[PDB]
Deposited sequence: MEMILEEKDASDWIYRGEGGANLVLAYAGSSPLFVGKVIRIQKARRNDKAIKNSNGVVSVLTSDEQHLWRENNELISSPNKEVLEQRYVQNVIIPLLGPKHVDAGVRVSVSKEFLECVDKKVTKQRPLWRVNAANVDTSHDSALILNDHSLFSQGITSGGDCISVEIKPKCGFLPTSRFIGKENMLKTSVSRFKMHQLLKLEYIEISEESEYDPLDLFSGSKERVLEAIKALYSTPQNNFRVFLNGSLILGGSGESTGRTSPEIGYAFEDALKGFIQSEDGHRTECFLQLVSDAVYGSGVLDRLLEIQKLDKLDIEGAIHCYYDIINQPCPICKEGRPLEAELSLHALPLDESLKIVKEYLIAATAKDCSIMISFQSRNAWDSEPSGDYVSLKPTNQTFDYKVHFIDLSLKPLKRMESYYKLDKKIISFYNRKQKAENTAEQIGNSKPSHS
């Protein structure tokens, strides 16, 4: 029930995002075998404005800590929306300060330096999240498991009435593609990614495959691959650089026996396998619907935000429409905007294993690889379904203004 100091040595770095540190269990305890632990970082549990926003979900507003908050957020808001088939809310577990402290230290050296600069484990939370490890095909075997993680980002184009005259490029150019230019400018990446989210979410099989090949070539922080829980393609707690021949070889070699093709051809077969799973599964259509809860764009939603927090709108100057909405409706719009923001920033994990004829109940989800003559069963889970803080509406607006006005400036340079 409680993780103490010495338990710390049975957990090993798995990765991290901007919000949580994730460790995988390497011990023997039947309690943790096949799990990861997800620990919130530090960069009362809900502002007053937030309790207003989440009023409809009381069990949410009365969450005693942040861990229970996320847990109930996923169970009560996200589940109802994506079904429970592809989602795990997690089980909370007591951790002690010294355990947390001990984990922080143990993994420090395996973290990107910049991640360590930005934040650490909040060693004041008394709880943490335990999740099923989706790099493991099933909880509690059918041989090896190749697991693929995709952070798809936003797969549609805003079409809002509320997009400003100087910003209409947002109407035709993906946010992900415009953001890439800024990141390069800010030395957050070394080269622009080849991935286009519009391809991946297109519903076109050839365009999904194109997205997958692109993710493979330039994974940044959008693509990872695991062999039985150990990373073989992608970044460790951060964006990785373009796939090089050295990385190409290492990954090709890691696939041996799993993709049963000739040496050198495994990679192409694996890419097709992922594509077939994504596409055939239809899992992205559902995610995309949630993303489209951002109905009005940040340029529209921001106006409702100031109404919700009762501040005169600094964006309007000396939109009669949005400002004439009843409070109830402004709340809805912003809540949906923040649900959409969860959807836009989560990941999909797709676990693969050789079709097991001895399954006592044969799986309905699988993929037959043309060439190899193999069948793989697969499973999809969504991960990283974090609650986004309402206050963040302000920076969403500024980051957006920054993205588009830099993209415009870059284009003007014809």
Non-modelled portions of the deposited polymer sequence, in sequence order: 1 to 2, 46 to 58, 156 to 157, 336 to 341, 438 to 451
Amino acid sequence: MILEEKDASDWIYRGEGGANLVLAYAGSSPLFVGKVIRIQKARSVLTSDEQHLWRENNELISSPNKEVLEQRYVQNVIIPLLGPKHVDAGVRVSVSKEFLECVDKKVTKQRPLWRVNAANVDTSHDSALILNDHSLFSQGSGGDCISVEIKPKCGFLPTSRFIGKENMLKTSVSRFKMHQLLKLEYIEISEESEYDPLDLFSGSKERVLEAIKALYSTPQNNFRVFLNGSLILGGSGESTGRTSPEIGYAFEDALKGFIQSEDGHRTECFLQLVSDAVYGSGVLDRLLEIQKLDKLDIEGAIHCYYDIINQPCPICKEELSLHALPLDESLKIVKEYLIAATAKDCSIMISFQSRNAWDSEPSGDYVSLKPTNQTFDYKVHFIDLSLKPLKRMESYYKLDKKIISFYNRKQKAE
From here on, numbers count along this sequence of modelled residues.
At least a third of other PDB entries omit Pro30: no
Gap at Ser62 across at least one third of the other PDB entries: no
Mean C-alpha B-factor comparison - 177 to 185 and 125 to 133, higher one: 125 to 133
47 to 55 versus 357 to 365 - which carries the larger mean C-alpha B factor in the record: 357 to 365
Candidate residues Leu82, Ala277, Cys304, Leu113, the one whose C-alpha B factor the record puts highest: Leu82
Maximum C-alpha temperature factor, selected from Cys102, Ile146, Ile247, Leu157: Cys102
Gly264, C-alpha B-factor rank within chain (lowest, middle or highest third): highest
CA B-factor placement of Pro197, once the chain's modelled residues are sorted into thirds: lowest
Third of the chain's Cα B-factor distribution that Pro371 belongs to, per the entry: highest
Entry-reported Cα temperature factor of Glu166, expressed as the chain third it lands in: highest
B-factor third for the C-alpha atom of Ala26 within its chain: middle
